[PDB]
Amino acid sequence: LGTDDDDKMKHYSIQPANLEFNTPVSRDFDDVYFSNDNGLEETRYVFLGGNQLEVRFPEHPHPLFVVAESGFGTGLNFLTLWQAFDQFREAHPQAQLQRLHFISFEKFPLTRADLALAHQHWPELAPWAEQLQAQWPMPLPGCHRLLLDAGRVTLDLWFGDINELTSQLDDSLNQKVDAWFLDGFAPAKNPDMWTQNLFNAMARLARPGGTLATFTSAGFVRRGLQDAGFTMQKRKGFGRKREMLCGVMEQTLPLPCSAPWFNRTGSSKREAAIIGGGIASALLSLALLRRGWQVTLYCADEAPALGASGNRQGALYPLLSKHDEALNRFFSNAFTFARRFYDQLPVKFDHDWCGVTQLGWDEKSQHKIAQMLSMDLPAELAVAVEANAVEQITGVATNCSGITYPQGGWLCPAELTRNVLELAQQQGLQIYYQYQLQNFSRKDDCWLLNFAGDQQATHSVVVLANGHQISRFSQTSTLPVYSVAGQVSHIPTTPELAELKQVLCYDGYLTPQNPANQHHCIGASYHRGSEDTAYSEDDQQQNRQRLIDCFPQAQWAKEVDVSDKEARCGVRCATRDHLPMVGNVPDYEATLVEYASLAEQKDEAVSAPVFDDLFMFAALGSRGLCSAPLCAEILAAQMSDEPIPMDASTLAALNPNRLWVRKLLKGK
């Protein structure tokens, strides 16, 4: 034992569908995706009509409707639903139902090319089809979220085998699905996907009273779903087909609580105070406002992005890893989500998706790159680059190989934070600057916040998104986060340095010029356990010098000029395991008492001891531009008892009580 023999069976890319036309036909399955002339009206009859969506929409007593689907395929069901939802909202703008959520699972996703071709056969759907195509995700495993129409429609595509994926979903998703679209290839010649495990999962995820519909009337499917707990009914088939099936969950099933120590719970309340001013608090605000939360932001400073989020140019690429499975999945999916989110964001901020190139300057660095190169990632995520091609790619001669992230680049985090915050204010965010939270206590049924002035406010929900100062409250004092101060030097461009087309990562990082500035940013110093933001001359020199040590023959590297003493200093908040800390704020003392002997009383274990209606968005390290968007989704979903776009184990890797609970589990 102890060998890497497993690695040859692991895959970090999902493979696309083998498509042909005549209508899209699957080569692998020898079936059509849908029927030829009548595909659109059949879709409306089977999936919309069989779940009685038109009747239910105007009386639906929740602001969200959640449809879940087996087998996304062409997207026809999704597009047809969206169209119907849009028509519903126009006819009944006063209805409580304001937002659509669609969760689909897909083993063989279409390429962007095939998807665009499939959609050509339905010019009626083109306004919706085009928006889908604009965000169609890179085929990586697991959950991919697309905010469509500014969050009015949300699409979670889970890439992989549906029968592997269903047991990977978080508990939060149970009893949340209003309607099932049980699609797939005709049972009698894809029996493989129509399993009991599938039907049971559908039953688990179904809201009590929730529906399902399907095209087939195969006996074994009817009985399988009855055994899962749905009340099933035969209804007339569209066209030639004599019969289809629909069902209702007419009972309340026992709610699952495996791993209660990782329970992500939400809140019933809809007004929140956020303690922040940085990227995290900014993106969170958007995510909460689009759901009709009342949001108040408090910031200690005179203006926002004076914390760690205040640089002029930060790099955006994912931290990949061969050994940390959860770190790799998080950053890969956060990264591509971050790119879609930033593309869609109606806010001006200086950026350029010019690519990021990491360089093998060292034996130690070549080896970390080689580790990453030995995973089969899609080229669109990360791809090797020879030494000869590096100069063509980056613009500069580095004299060594590397790996490039072609969808990566730089953005201006200070401006992004300010302009997002300014958008949130137009959407209703109340900001109070020069409000430094000292304290908060539970009074009656509110959180009482005490600011440094004898100022007080009361709020229903409090979210701590205050960077390195996260652990300065008694209810947070024992979080395993630590401060890392650092300095990024601002440098003028030269003729040699104006040739840089990309962000270079080495023992440090160098951005290309911001053409509006004629300046690059180059960093960064790393001071573990320091909260000191004073300008350091040694750090400044060292930001130049590290670059020169990595590429000793590079005449462009010597043209870096730090003599202006221009720099920016901030304090990162990090964890040993490099993942964020996002979720309920855990009660340390109550965790330790309640899970004292957890190593042998797992079965009787209570829900994770947390503070009520108190959340945190924290520890973004030096990769917050990459991680904040998806973390904003996760937290705001969790807070709202809405579908979280991540698998259970990656969520557990992001839970704030994780260190304590890991030790307590193993008895230590």
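Residues carry their position along the shown sequence, with the first being 1.
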Just how many deposited residues go unmodelled from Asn22 to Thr23: none, 1 to 3, 4 to 9, or 10 or more? 1 to 3
So which stretch wins on mean C-alpha B-factor, 545 to 553 or 472 to 480? 545 to 553
So which stretch wins on mean C-alpha B-factor, 230 to 238 or 160 to 168? 230 to 238
Among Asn197, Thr458, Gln518, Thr417, where is the Cα temperature factor highest, going by the PDB entry? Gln518
If you compare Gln358, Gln135, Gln392, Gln96, which has the highest Cα B-factor in the entry? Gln392
Compare the C-alpha B factor of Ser597 with those of the other modelled residues in its chain, then answer lowest, middle or highest third. highest
Which third of the chain does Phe78 land in by C-alpha B-factor: lowest, middle or highest? lowest
Comparing against every modelled residue in the chain, figure out the third that the C-alpha B-factor of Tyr526 lands in (lowest, middle or highest). highest
Cα B factor band for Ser13 (lowest, middle or highest third within the chain): highest
Going by what the PDB entry lists, where does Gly49 fall on CA B-factor within its chain: lowest, middle or highest third? middle
